[PDB]
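Chains as they are written, first to last, in the deposited numbering: chain B, 21 to 132, 134 to 239; chain C, 1 to 100, 105 to 119, 121 to 221; chain A, 10 to 108, 114 to 162. Where a beta carbon is used, it is the ideal one built from N, C-alpha and C, also for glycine.
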Amino acid sequence: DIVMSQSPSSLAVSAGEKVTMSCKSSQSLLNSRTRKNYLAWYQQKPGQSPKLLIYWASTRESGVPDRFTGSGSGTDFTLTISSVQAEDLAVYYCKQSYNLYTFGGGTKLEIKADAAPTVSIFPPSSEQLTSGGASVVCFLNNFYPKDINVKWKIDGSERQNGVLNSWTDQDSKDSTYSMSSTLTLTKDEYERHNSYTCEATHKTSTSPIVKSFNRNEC
Amino acid sequence: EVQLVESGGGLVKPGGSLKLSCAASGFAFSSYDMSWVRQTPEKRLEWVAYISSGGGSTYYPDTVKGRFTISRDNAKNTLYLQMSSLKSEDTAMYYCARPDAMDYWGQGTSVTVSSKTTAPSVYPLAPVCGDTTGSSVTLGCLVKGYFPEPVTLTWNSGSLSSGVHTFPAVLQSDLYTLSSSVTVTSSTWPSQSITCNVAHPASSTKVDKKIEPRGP
Amino acid sequence: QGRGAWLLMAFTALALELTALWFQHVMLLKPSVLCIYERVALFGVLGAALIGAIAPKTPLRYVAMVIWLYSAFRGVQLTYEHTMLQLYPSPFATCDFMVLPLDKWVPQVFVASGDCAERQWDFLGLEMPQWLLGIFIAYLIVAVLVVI
């Protein structure tokens, strides 16, 4: 078929800049009759259906801000977004519709000042326990940049086997990561100690933000 | 104004079968054409089927030609994709799209192809049992030991939507496990109720968990 | 509303529509393609005028109007998609057959062996495989207007 191939995989930019990623197709996309370049650009927000952005190659679609622009012609298309708002976190896909429908691989436009991670610890839930297991989690909301070494503490003695995380893909309104580590024990091994906590180390200052609780009551 | 809601598909075994319907609503249905796009686990985007306005012609990539069938019924306004001889390649999210250049896209039905469904366990996450009031109280919801992806976690029937994080399920063993934080003013919690709704489609599971404080 | 009036319209179309075969060759066009299916609309409407032509009076066979109406409209629907297929071509660059001819006299009036929408540049004043939408609108628009 035709092969669409975009470069680069990813772009960073500080909120309000010009970005011009590129889409190149294996086959020319021009008709003899009418300069009609039969390529579309679709933007797709994190966990959303793609949205139509530009068709034909140049022409924008109902409620596309002038800032997204489509240049290109033949085998060589380029999408250009001036004044990058925060709600422009997306992968941008090009599609050919000259002979069947093919897509590019995608270009992730992730946004670029730091902020302090906001930890909060959460004990097992009664029922989880009375159903034969015990899991302890703490969320690290609204931090930036990505890098954060979160360390669990059992009163002070620090074990690791069974501590599985996940970073949200960068927020679109506030444009900053999050995270969530889960320490997952057996029902009975949980009351081995009393005090529990977790710490960040995130580089707003490497003064490891701590948030704690202690078993007994809960 | 113009809507599409595809649905009806979770897990199916290799060689298997299963039919999805895009419930179309809010445009001159019988006049447009319809298409069926899936998105792979790599986040890749493959076009899958195309039916003409009046069900006349259909088209398919060679990769599903033979195994796939794009019907429509402008009586009941539905589009259909009837999947047969199911390859584990077919494993993807399934969008229903509209062309004039896909201008109104659905939302997806995830469809996975593999060989063991598992209803998700849903535990509510109440904060420290200490009365220690901060200011912006965050509560959680925890979802554990399920197959397959995805789930659908909603705070208060979709009404609690502003100020919540839902972290990418992980692949310990062959069960996925996923967490959910939601911040909110201390004024708006304990007094006012806040519950976690979880929907496993690939198993039919409408588990509701109300977030309770911590009595002894 | 007479033999002349009906014969003029039947002639004008047999003539205007037969010319279709002329110049085809120097034009460096040749392939009717879908057009054969549409050529039919000419004998559909001409058929009615030429058959009803017997005389649009004593003969009550006025039905000629409905069949004229039908073929004029039927022509628009098939020609329109053809017009659309240019100002809007489809993803199937490929041609059909990849997913009642014959006659004692000569098959010439109809043909399809050649190629697809390819070079076709026409360049003749203002195209022509689309002017036909207006011309059929005229017969249809004459037909609707007489029977309103």
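Have a look at the options and flag the residue whose alpha-carbon is nearest the alpha-carbon of residue i.
i	options	result
C/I216	C/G56, C/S141 and C/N161	C/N161
residue 133 of chain B	B/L206, B/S199, B/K115 and B/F160	Between 132 and 134 in chain B the model has nothing, and residue 133 of chain B is one of the residues in that span.
C/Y151	C/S209, C/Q39, C/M93 and C/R219	C/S209
C/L180	C/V189, C/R67, C/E154 and C/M106	C/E154
C/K13	C/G139, C/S166, C/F172 and C/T116	C/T116
A/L30	A/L140, A/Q122 and A/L43	A/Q122
A/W15	A/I60, A/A50, A/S41 and A/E47	A/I60
B/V184	B/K128, B/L72, B/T218 and B/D135	B/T218
C/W36	C/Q197, C/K121 and C/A24	C/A24
C/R67	C/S186, C/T78 and C/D90	C/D90
C/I199	C/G9, C/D213 and C/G110	C/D213
B/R55	A/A126, A/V108, A/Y97 and A/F150	A/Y97
B/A137	B/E212, B/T40, B/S228 and B/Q26	B/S228
A/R70	A/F82, A/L78, A/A57 and A/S80	A/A57
A/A22	A/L55, A/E90 and A/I45	A/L55
A/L146	A/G128, A/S127 and A/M93	A/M93
A/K39	A/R133, A/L159, A/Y153 and A/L154	A/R133
C/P61	A/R12, A/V108, A/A126 and A/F150	A/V108
C/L158	C/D107, C/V142, C/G135 and C/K211	C/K211
B/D135	B/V231, B/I230, B/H223 and B/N237	B/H223
C/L18	C/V2, C/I70 and C/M83	C/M83
A/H34	A/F52, A/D136 and A/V120	A/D136
C/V187	C/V175, C/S178 and C/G168	C/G168
B/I22	B/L31, B/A35 and B/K44	B/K44
C/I51	C/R98, C/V127, C/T182 and C/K121	C/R98
A/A19	A/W77, A/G148, A/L43 and A/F32	A/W77
A/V42	A/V156, A/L140 and A/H91	A/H91
A/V85	A/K66, A/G53, A/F106 and A/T67	A/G53
residue 103 of chain C	C/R44, C/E42, C/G163 and C/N77	Because chain C is numbered from 100 directly to 105, the model contains no atoms for residue 103 of chain C.
A/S127	A/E141, A/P143 and A/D105	A/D105
C/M106	B/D168, B/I169, B/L72 and B/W76	B/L72
C/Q177	B/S193, B/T89 and B/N182	B/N182
C/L20	C/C201, C/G163 and C/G112	C/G112
C/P218	C/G56, C/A207, C/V142 and C/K149	C/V142
B/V33	B/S102, B/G90, B/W76 and B/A155	B/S102
Is residue j closer than 8 Å to residue i when the C-beta atoms are compared?
i	j	result
B/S196	B/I142	no
C/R38	C/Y94	yes
C/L147	C/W194	no
C/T40	C/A92	yes
C/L11	C/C22	no
C/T138	C/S191	yes
C/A49	C/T58	yes
B/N235	B/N215	yes
B/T127	B/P28	yes
C/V189	C/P125	no
A/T88	A/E26	no
B/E37	B/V104	yes
C/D73	C/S53	no
C/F172	B/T189	yes
B/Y113	B/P66	no
A/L154	A/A81	yes
C/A174	C/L183	yes
B/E238	B/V231	no
B/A106	B/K194	yes
B/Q191	B/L129	no
residue 109 of chain A	A/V125	Note on chain A: numbering goes from 108 to 114 directly, and residue 109 of chain A within that interval has no coordinates.
Quick one: measure Cβ to Cβ for residue i and residue j, integer angstroms, because I've assumed they're closer than 8 Å.
i	j	result
A/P100	B/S117	6 Å
B/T100	B/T40	4 Å
C/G15	C/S85	6 Å
A/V160	A/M74	7 Å
B/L120	C/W47	7 Å
Does at least one heavy atom of the ligand NAP sit under 7 Å from the Cβ of residue i?
i	result
B/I175	Among the components of this structure there are no ligands whatsoever, and the ligand NAP is therefore not found.
Stretch-stretch touch, CB-based, cutoff 8 Å, three pairs: the stretch 139-151 of chain B with the stretch 128-142 of chain C:
yes
With contact counted as at least three CB pairs below 8 Å, one residue from each stretch, are the stretch 186-200 of chain B and the stretch 158-166 of chain B in contact?
yes
At 4 residues or longer, what runs of the alpha helix (DSSP H) sit wholly inside the stretch 34-82 of chain A?
44-61
May I ask you to verify whether the stretch 79-90 of chain B touches the stretch 205-219 of chain B, counting CB pairs closer than 8 Å and requiring at least 3?
no
Counting pairs of Cβ atoms below 8 Å between the stretch 45-52 of chain B and the stretch 94-109 of chain B, do you hit three or more?
yes
Unbroken alpha helix (DSSP H) runs of length 4 or more, entirely within the stretch 2-37 of chain C: which are they?
none
Scan the stretch 29-89 of chain C and note each continuous beta strand (DSSP E) run of 3 residues or more that stays entirely inside, going in chain order.
34-39, 45-51, 68-73 and 78-86
Runs of alpha helix (DSSP H) lying entirely within the stretch 123-151 of chain A, each at least 4 residues, in chain order:
none
Contained beta strand (DSSP E) runs [length at least 3] in the stretch 138-200 of chain B, N- to C-terminal order
139-143, 154-162 and 172-175
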